[PDB]
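J.: For reference, this is target_27.cif, and it has mmCIF, C-alpha atoms.
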```cif
data_entry
#
loop_
_atom_site.label_atom_id
_atom_site.label_comp_id
_atom_site.auth_asym_id
_atom_site.auth_seq_id
_atom_site.Cartn_x
_atom_site.Cartn_y
_atom_site.Cartn_z
CA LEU A 1 91.45 -67.13 33.86
CA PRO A 2 92.75 -63.48 33.50
CA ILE A 3 90.02 -61.03 32.41
CA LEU A 4 89.28 -59.56 28.96
CA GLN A 5 90.14 -55.89 28.20
CA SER A 6 89.32 -53.95 25.00
CA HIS A 7 92.88 -52.33 25.16
CA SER A 8 95.48 -51.40 27.92
CA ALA A 9 98.44 -49.06 28.86
CA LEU A 10 99.15 -48.44 32.65
CA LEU A 11 98.54 -52.10 33.71
CA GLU A 12 100.69 -55.17 32.89
CA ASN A 13 99.27 -58.73 33.23
CA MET A 14 100.63 -59.16 36.82
CA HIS A 15 98.60 -56.03 37.79
CA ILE A 16 95.48 -57.35 35.99
CA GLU A 17 95.80 -60.75 37.76
CA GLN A 18 96.09 -59.24 41.26
CA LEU A 19 93.28 -56.67 40.75
CA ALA A 20 90.87 -59.23 39.20
CA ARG A 21 91.15 -61.49 42.33
CA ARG A 22 89.77 -58.58 44.47
CA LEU A 23 86.96 -56.97 42.44
CA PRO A 24 83.40 -57.58 43.84
CA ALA A 25 80.91 -60.24 42.62
CA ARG A 26 79.09 -57.33 40.89
CA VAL A 27 81.86 -57.11 38.22
CA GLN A 28 83.43 -60.60 38.10
CA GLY A 29 83.12 -62.10 34.57
CA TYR A 30 82.56 -58.77 32.70
CA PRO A 31 84.94 -57.41 30.00
CA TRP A 32 86.75 -54.14 30.87
CA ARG A 33 86.17 -51.05 28.67
CA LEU A 34 88.40 -47.95 28.75
CA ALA A 35 86.10 -45.03 29.63
CA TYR A 36 88.86 -42.37 29.89
CA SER A 37 92.64 -42.24 29.43
CA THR A 38 94.88 -39.14 29.56
CA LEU A 39 96.93 -40.77 26.76
CA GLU A 40 93.84 -41.33 24.47
CA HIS A 41 91.58 -38.35 25.28
CA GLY A 42 93.86 -35.52 26.47
CA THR A 43 94.44 -34.51 30.11
CA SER A 44 91.66 -32.73 32.07
CA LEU A 45 89.20 -33.40 34.93
CA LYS A 46 86.37 -31.86 32.82
CA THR A 47 87.09 -34.48 30.11
CA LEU A 48 87.14 -37.26 32.77
CA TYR A 49 83.64 -36.21 34.00
CA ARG A 50 82.40 -35.74 30.37
CA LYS A 51 83.51 -39.31 29.42
CA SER A 52 82.03 -40.68 32.71
CA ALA A 53 78.64 -38.88 32.47
CA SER A 54 76.86 -41.61 30.39
CA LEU A 55 77.89 -44.54 32.68
CA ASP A 56 75.73 -46.58 35.13
CA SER A 57 78.11 -49.26 36.52
CA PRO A 58 81.26 -49.38 38.77
CA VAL A 59 84.67 -48.03 37.70
CA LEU A 60 88.34 -48.72 38.31
CA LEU A 61 90.72 -45.75 38.54
CA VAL A 62 94.38 -46.32 37.65
CA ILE A 63 97.08 -43.71 38.21
CA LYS A 64 100.79 -43.74 37.47
CA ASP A 65 102.76 -40.97 39.20
CA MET A 66 106.07 -39.42 38.03
CA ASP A 67 107.90 -41.86 40.41
CA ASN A 68 106.24 -44.71 38.40
CA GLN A 69 104.13 -46.03 41.33
CA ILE A 70 100.75 -47.55 40.31
CA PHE A 71 97.71 -46.93 42.51
CA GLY A 72 94.08 -45.88 42.50
CA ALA A 73 90.62 -46.94 43.56
CA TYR A 74 87.75 -49.23 42.72
CA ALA A 75 84.54 -47.19 43.03
CA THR A 76 80.88 -48.34 43.07
CA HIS A 77 79.65 -45.27 41.12
CA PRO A 78 81.01 -43.20 38.17
CA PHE A 79 82.98 -40.01 38.92
CA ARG A 80 80.38 -37.18 38.75
CA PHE A 81 79.99 -33.65 40.22
CA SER A 82 78.23 -34.08 43.60
CA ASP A 83 77.12 -31.67 46.38
CA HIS A 84 77.74 -34.37 49.04
CA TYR A 85 79.78 -37.59 49.45
CA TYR A 86 78.44 -40.64 47.54
CA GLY A 87 79.29 -44.36 46.95
CA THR A 88 79.01 -47.57 49.08
CA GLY A 89 81.30 -49.79 51.21
CA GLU A 90 82.41 -52.03 48.30
CA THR A 91 84.62 -49.02 47.28
CA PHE A 92 88.34 -49.57 47.97
CA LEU A 93 91.74 -47.92 47.50
CA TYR A 94 94.77 -49.87 46.20
CA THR A 95 98.49 -49.58 45.48
CA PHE A 96 101.40 -51.61 44.10
CA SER A 97 104.22 -50.53 46.40
CA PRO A 98 105.80 -52.64 44.75
CA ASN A 99 103.72 -55.42 46.43
CA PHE A 100 99.91 -55.19 45.94
CA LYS A 101 97.88 -53.79 48.89
CA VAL A 102 94.12 -53.06 49.03
CA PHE A 103 92.42 -50.83 51.63
CA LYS A 104 88.75 -51.79 51.95
CA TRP A 105 86.21 -49.78 54.01
CA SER A 106 87.02 -49.40 57.72
CA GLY A 107 83.31 -49.13 58.67
CA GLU A 108 84.03 -45.75 60.39
CA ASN A 109 82.50 -43.24 57.90
CA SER A 110 80.82 -43.21 54.45
CA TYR A 111 82.93 -40.44 52.84
CA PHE A 112 83.72 -42.64 49.80
CA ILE A 113 83.67 -40.33 46.71
CA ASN A 114 83.33 -36.53 46.33
CA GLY A 115 83.65 -34.65 43.01
CA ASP A 116 83.91 -30.85 42.53
CA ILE A 117 84.42 -28.55 39.47
CA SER A 118 88.10 -28.19 40.56
CA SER A 119 88.90 -31.60 42.14
CA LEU A 120 88.10 -35.26 42.61
CA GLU A 121 88.70 -37.01 45.91
CA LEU A 122 88.12 -40.22 47.86
CA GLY A 123 87.86 -40.76 51.60
CA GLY A 124 87.41 -38.40 54.55
CA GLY A 125 87.82 -38.03 58.34
CA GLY A 126 89.01 -34.52 59.25
CA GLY A 127 91.08 -32.72 56.55
CA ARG A 128 92.44 -36.07 55.18
CA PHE A 129 91.79 -37.69 51.77
CA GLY A 130 92.97 -41.16 50.70
CA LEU A 131 93.28 -39.72 47.18
CA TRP A 132 92.77 -36.12 45.87
CA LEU A 133 93.31 -34.85 42.27
CA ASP A 134 93.34 -31.28 40.86
CA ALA A 135 91.38 -29.86 37.87
CA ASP A 136 94.35 -30.48 35.52
CA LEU A 137 95.00 -34.07 36.64
CA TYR A 138 98.51 -32.73 37.36
CA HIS A 139 98.90 -32.39 41.15
CA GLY A 140 97.43 -34.97 43.51
CA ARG A 141 97.73 -35.88 47.20
CA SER A 142 97.33 -39.03 49.31
CA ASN A 143 97.32 -39.37 53.09
CA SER A 144 95.78 -41.92 55.52
CA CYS A 145 92.04 -41.24 55.97
CA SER A 146 89.74 -43.09 58.38
CA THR A 147 87.29 -44.17 55.60
CA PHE A 148 89.87 -46.74 54.37
CA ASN A 149 92.77 -46.59 56.93
CA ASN A 150 95.06 -46.51 53.84
CA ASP A 151 98.83 -46.04 53.50
CA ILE A 152 100.23 -43.28 51.28
CA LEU A 153 99.19 -44.65 47.83
CA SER A 154 102.09 -42.90 45.95
CA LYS A 155 105.85 -42.78 46.80
CA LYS A 156 105.07 -39.33 48.38
CA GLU A 157 102.15 -37.55 50.05
CA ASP A 158 102.28 -34.90 47.28
CA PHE A 159 102.67 -36.24 43.74
CA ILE A 160 102.45 -35.46 40.01
CA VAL A 161 100.25 -37.64 37.78
CA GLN A 162 102.32 -39.10 34.94
CA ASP A 163 99.15 -40.61 33.41
CA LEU A 164 95.65 -41.75 34.48
CA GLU A 165 92.89 -44.13 33.29
CA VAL A 166 89.26 -44.90 34.18
CA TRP A 167 87.91 -48.35 33.28
CA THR A 168 84.28 -49.44 33.41
CA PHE A 169 82.72 -52.91 33.52
CA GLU A 170 80.29 -53.11 30.63
CA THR B 1 62.85 -76.55 53.06
CA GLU B 2 60.38 -73.74 53.92
CA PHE B 3 61.15 -71.17 56.64
CA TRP B 4 58.73 -68.82 58.37
CA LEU B 5 59.89 -65.39 59.45
CA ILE B 6 57.73 -64.05 62.26
CA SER B 7 57.99 -61.06 64.58
CA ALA B 8 56.42 -60.10 67.94
CA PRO B 9 56.98 -57.30 70.55
CA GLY B 10 59.50 -57.62 73.43
CA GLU B 11 57.51 -58.40 76.63
CA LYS B 12 60.07 -56.20 78.48
CA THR B 13 63.30 -57.26 76.71
CA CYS B 14 63.43 -59.05 73.33
CA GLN B 15 65.27 -62.07 74.85
CA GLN B 16 62.22 -63.00 77.00
CA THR B 17 59.94 -63.07 73.90
CA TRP B 18 62.38 -65.42 72.14
CA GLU B 19 62.81 -67.62 75.25
CA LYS B 20 59.00 -68.15 75.43
CA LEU B 21 58.77 -69.18 71.74
CA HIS B 22 61.90 -71.40 71.81
CA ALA B 23 60.43 -73.18 74.85
CA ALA B 24 56.95 -73.57 73.25
CA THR B 25 58.10 -74.75 69.75
CA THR B 26 61.60 -76.34 70.09
CA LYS B 27 62.22 -77.45 73.74
CA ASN B 28 58.87 -78.93 74.84
CA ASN B 29 56.94 -80.03 71.69
CA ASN B 30 59.66 -80.51 68.96
CA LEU B 31 57.42 -78.88 66.27
CA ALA B 32 60.16 -76.73 64.63
CA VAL B 33 63.80 -75.72 64.58
CA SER B 34 63.92 -71.99 65.46
CA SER B 35 66.28 -69.04 66.07
CA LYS B 36 66.47 -65.26 66.33
CA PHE B 37 66.83 -63.38 62.98
CA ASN B 38 68.92 -60.17 62.91
CA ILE B 39 67.34 -56.93 61.58
CA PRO B 40 69.34 -53.68 62.04
CA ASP B 41 68.10 -50.35 63.45
CA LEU B 42 66.66 -49.19 60.09
CA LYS B 43 65.34 -45.58 59.90
CA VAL B 44 61.52 -45.34 60.27
CA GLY B 45 60.40 -42.59 57.86
CA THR B 46 56.87 -41.40 58.71
CA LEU B 47 53.45 -43.16 58.93
CA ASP B 48 52.33 -41.81 55.50
CA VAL B 49 55.42 -43.46 53.88
CA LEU B 50 55.34 -46.78 55.80
CA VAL B 51 51.73 -47.48 54.65
CA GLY B 52 53.02 -47.04 51.05
CA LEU B 53 56.16 -49.19 51.54
CA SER B 54 54.11 -52.25 52.63
CA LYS C 1 84.27 -71.80 25.28
CA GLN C 2 80.98 -70.12 26.33
CA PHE C 3 79.87 -72.87 28.78
CA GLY C 4 82.48 -72.51 31.59
CA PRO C 5 82.17 -68.69 31.96
CA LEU C 6 78.35 -68.87 31.63
CA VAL C 7 78.21 -71.36 34.54
CA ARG C 8 80.50 -69.11 36.66
CA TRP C 9 78.39 -66.03 35.89
CA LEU C 10 75.18 -67.93 36.85
CA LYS C 11 76.68 -69.16 40.18
CA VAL C 12 77.89 -65.65 41.08
CA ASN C 13 74.65 -63.93 40.11
CA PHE C 14 72.37 -66.48 41.78
CA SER C 15 74.30 -65.80 45.01
CA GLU C 16 73.88 -62.02 44.46
CA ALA C 17 70.12 -62.35 43.71
CA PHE C 18 69.48 -64.65 46.70
CA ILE C 19 71.37 -62.33 49.07
CA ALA C 20 69.30 -59.41 47.75
CA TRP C 21 66.05 -61.33 48.29
CA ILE C 22 66.69 -62.06 52.00
CA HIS C 23 67.32 -58.30 52.53
CA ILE C 24 63.81 -57.54 51.20
CA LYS C 25 62.49 -60.06 53.76
CA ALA C 26 64.22 -58.12 56.56
CA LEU C 27 62.68 -54.85 55.26
CA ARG C 28 59.14 -56.34 55.04
CA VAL C 29 59.45 -57.78 58.59
CA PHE C 30 60.71 -54.40 59.85
CA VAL C 31 58.07 -52.22 58.10
CA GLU C 32 55.12 -54.44 59.02
CA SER C 33 56.29 -54.76 62.67
CA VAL C 34 56.54 -50.94 62.90
CA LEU C 35 53.01 -50.72 61.46
CA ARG C 36 51.41 -53.49 63.61
CA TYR C 37 53.19 -52.94 66.98
CA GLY C 38 54.05 -49.76 68.99
CA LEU C 39 56.37 -47.15 67.39
CA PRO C 40 59.18 -47.45 70.06
CA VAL C 41 60.82 -50.18 67.94
CA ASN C 42 61.34 -53.18 70.29
CA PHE C 43 60.15 -56.34 68.43
CA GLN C 44 62.03 -59.64 68.04
CA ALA C 45 62.16 -61.26 64.59
CA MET C 46 62.34 -65.07 64.73
CA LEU C 47 63.00 -67.67 62.05
CA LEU C 48 61.14 -71.02 62.28
CA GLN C 49 61.64 -74.19 60.21
CA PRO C 50 58.61 -76.49 60.81
CA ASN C 51 58.81 -80.29 60.91
CA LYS C 52 56.67 -82.12 58.31
CA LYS C 53 53.16 -83.41 59.26
CA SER C 54 53.22 -80.87 62.18
CA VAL C 55 51.77 -77.64 60.62
CA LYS C 56 48.39 -77.51 62.45
CA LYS C 57 49.96 -78.16 65.90
CA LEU C 58 52.47 -75.35 65.29
CA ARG C 59 49.86 -72.85 63.96
CA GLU C 60 47.74 -73.55 67.05
CA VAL C 61 50.76 -73.09 69.40
CA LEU C 62 51.70 -69.75 67.75
CA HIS C 63 48.04 -68.60 67.91
CA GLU C 64 47.84 -69.57 71.61
CA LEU C 65 51.07 -67.57 72.23
CA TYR C 66 49.94 -64.39 70.39
CA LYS C 67 46.07 -64.12 70.38
CA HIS C 68 46.32 -61.11 72.79
CA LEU C 69 47.90 -58.95 69.99
CA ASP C 70 44.40 -58.54 68.37
CA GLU C 71 45.35 -64.56 55.02
CA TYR C 72 45.78 -62.95 58.49
CA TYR C 73 47.61 -64.05 61.67
CA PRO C 74 47.95 -62.21 65.06
CA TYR C 75 51.76 -61.80 64.43
CA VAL C 76 53.93 -60.55 61.52
CA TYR C 77 54.56 -63.54 59.22
CA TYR C 78 56.31 -64.35 55.91
CA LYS C 79 57.29 -67.70 54.37
CA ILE C 80 60.60 -68.16 52.58
CA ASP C 81 60.33 -71.10 50.15
CA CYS C 82 63.84 -72.34 49.23
CA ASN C 83 62.60 -75.02 46.74
CA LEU C 84 63.50 -72.92 43.64
CA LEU C 85 63.56 -75.77 41.00
CA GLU C 86 59.91 -76.89 41.75
CA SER D 1 35.78 -44.46 72.08
CA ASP D 2 38.30 -42.56 74.32
CA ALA D 3 40.89 -45.41 74.58
CA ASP D 4 41.24 -45.35 70.73
CA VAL D 5 41.69 -41.54 70.90
CA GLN D 6 44.41 -42.04 73.58
CA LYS D 7 46.12 -44.57 71.21
CA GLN D 8 45.84 -42.09 68.27
CA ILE D 9 47.34 -39.29 70.46
CA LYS D 10 50.14 -41.69 71.63
CA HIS D 11 50.93 -42.79 68.03
CA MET D 12 50.92 -39.19 66.68
CA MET D 13 53.05 -37.99 69.65
CA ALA D 14 55.52 -40.87 69.20
CA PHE D 15 55.80 -40.19 65.42
CA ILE D 16 56.45 -36.45 66.12
CA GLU D 17 59.20 -37.32 68.66
CA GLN D 18 60.71 -40.05 66.43
CA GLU D 19 60.73 -37.74 63.36
CA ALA D 20 62.37 -35.02 65.50
CA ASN D 21 65.07 -37.49 66.63
CA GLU D 22 65.74 -38.59 62.99
CA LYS D 23 65.83 -34.94 61.75
CA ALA D 24 68.19 -33.85 64.56
CA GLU D 25 70.51 -36.81 63.72
CA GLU D 26 70.43 -35.92 59.97
CA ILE D 27 71.26 -32.25 60.66
CA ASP D 28 74.16 -33.39 62.93
CA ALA D 29 75.38 -35.88 60.25
CA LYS D 30 75.36 -33.14 57.54
CA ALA D 31 77.10 -30.77 60.00
CA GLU D 32 80.02 -33.20 60.34
CA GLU D 33 80.08 -34.07 56.60
CA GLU D 34 80.06 -30.45 55.38
CA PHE D 35 82.75 -29.65 58.00
CA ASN D 36 84.91 -32.43 56.44
CA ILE D 37 84.21 -31.15 52.86
CA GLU D 38 84.75 -27.43 53.64
CA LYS D 39 87.87 -27.90 55.86
CA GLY D 40 89.47 -30.28 53.32
CA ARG D 41 88.69 -28.01 50.32
CA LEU D 42 89.94 -24.89 52.14
CA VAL D 43 93.26 -26.33 53.48
CA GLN D 44 94.06 -28.11 50.18
CA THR D 45 93.32 -24.99 48.04
CA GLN D 46 95.62 -22.62 49.99
CA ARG D 47 98.33 -25.31 50.57
CA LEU D 48 98.73 -25.65 46.77
CA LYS D 49 99.17 -21.84 46.27
CA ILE D 50 101.84 -21.80 49.01
CA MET D 51 103.53 -24.81 47.35
CA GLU D 52 103.77 -23.07 43.92
CA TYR D 53 104.91 -19.77 45.52
CA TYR D 54 107.82 -21.37 47.44
#
```
Represent the structure of the file as structure tokens.

T.:
Amino acid sequence: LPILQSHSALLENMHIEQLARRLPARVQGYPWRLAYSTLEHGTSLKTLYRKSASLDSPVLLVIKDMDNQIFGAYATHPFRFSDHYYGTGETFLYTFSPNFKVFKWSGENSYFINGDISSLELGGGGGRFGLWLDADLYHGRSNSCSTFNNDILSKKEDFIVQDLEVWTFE
Amino acid sequence: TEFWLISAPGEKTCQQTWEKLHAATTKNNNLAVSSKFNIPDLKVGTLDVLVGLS
Amino acid sequence: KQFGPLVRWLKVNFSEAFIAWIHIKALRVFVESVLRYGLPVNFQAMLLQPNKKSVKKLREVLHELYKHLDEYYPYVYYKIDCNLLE
Amino acid sequence: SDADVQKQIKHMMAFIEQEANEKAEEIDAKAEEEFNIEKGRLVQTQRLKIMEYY
């Protein structure tokens, strides 16, 4: 019943079980491949976009902060540099806090994913982001945004990435 | 089972057009089951594009 | 080992492909109603399911309803044929 | 003849007005989106410099 992965490091089986119940029909019954990991490939946003640039299927983002909280997003499109917001309403944010919560689209706006040379972010609605990351994958921020109506995904609004992974279904 | 989608203009309001057809096909003569079918307010492009999209 | 997961993948992806197909029907009904009727978009789409042995009577009723709008028919029309396994 | 010309004028006029309404809505949608992107980028950039300074 639990899914097949080609390796793993931030997720234990109880995280795999609870995520795999929620992923869309698009990606049910596919093995998970590790596209990027800070622990395998070194730590930078330019490396994350470089490893993602060949992809053409959805991705799961997993983050562990320095307070050990696990959170991230499921995103309908790979993380790429974009002039404007992109993605579709099957995108969601999630956290284990320590109980698993998932914040699917509110229907209010389509500000799902935005990538820049110096940051990656998800959500919108004023100055808010459900998840923002710096060029180093060192500082990030999470606050409630009206795209997802999310909680704070970390233990704090402002956080340090301990480590980060991007998985693709392929 | 075979369905037919059809479409026709609202005679003033869309509900009157459906009421006429539901009367003619389902109430009086029992020729078909029928209902409304929901299409959203999709963005019409321009005439030169629509005649390609068909 | 392969059978159970193959069946689940086929049931999921048939549902995905069928859902996708009925969205193309909504597009074709939209586009051809915008082409055949006035541009202030105000048409009603309707779904019919005919009784057997009744086709001619129903064609003649629909024609009698819509002849003033003037294969071809005086209304936008598509069949959906849900008998996939012949 | 002239009734078909009146229909052609009405169709062309309606397409011009419809296209203007779609283009105005697109320009307003991009105005709100690029406000969200610019405001968010600007506040978050300076907020981080203040955070490191303190």

J.: Report as a list in words the residues that result from applying the PyMOL selection byres ((chain A) within 10 of (chain C)) to the structure here.

T.: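 Expected selection for the PyMOL selection byres ((chain A) within 10 of (chain C)) here is residues 1, 25, 26, 27, 28, 29 and 30 of chain A.
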
J.: Let me know the residues the PyMOL selection byres ((chain D) within 9 of (chain C)) catches in the file above, as an MDAnalysis selection string.

T.: chainID D and resid 11 14:15 18

J.: Could you state which residues are captured by the PyMOL selection byres ((chain B) within 7 of (chain C)) in this file, as a count of residues only?

T.: 21

J.: Contacts between chain D and chain B, please, where a residue of chain B counts if it comes within 9 Å (with all atoms listed in the file); show its shortest atom pair and distance in Å to one decimal, rows by chain and ascending number, as CSV.

T.:
```
residue,atom,partner,partner_atom,distance
B:43,CA,D:22,CA,7.7
B:44,CA,D:18,CA,8.2
B:45,CA,D:19,CA,7.3
B:46,CA,D:15,CA,6.9
B:47,CA,D:15,CA,7.5
```

J.: Counting only C-alpha atoms, which residues in chain D sit no more than 7 Å from chain A? For each one, give the nearest pair of atoms and the distance in Å, sorted by chain then residue number, as a Markdown table.

T.:
```
| residue | atom | partner | partner_atom | distance |
| --- | --- | --- | --- | --- |
| D:36 | CA | A:126 | CA | 5.4 |
| D:39 | CA | A:127 | CA | 5.8 |
| D:40 | CA | A:127 | CA | 4.4 |
```

J.: Quick one: pull the distance between CA of residue 25 (chain D) and CA of residue 19 (chain C), Å, one decimal.

T.: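 So the two atoms, CA of residue 25 (chain D) and CA of residue 19 (chain C), lie 29.4 Å apart.
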
J.: Rounded to one decimal, what separation in Å do you get between CA of residue 164 (chain A) and CA of residue 45 (chain A)?

T.: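 Computing the Euclidean distance for CA of residue 164 (chain A) and CA of residue 45 (chain A) yields 10.6 Å.
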
J.: For the atom pair CA of residue 113 (chain A) and CA of residue 44 (chain D), what is the interatomic distance in Å to one decimal place?

T.: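 Between CA of residue 113 (chain A) and CA of residue 44 (chain D) the gap works out to 16.4 Å.
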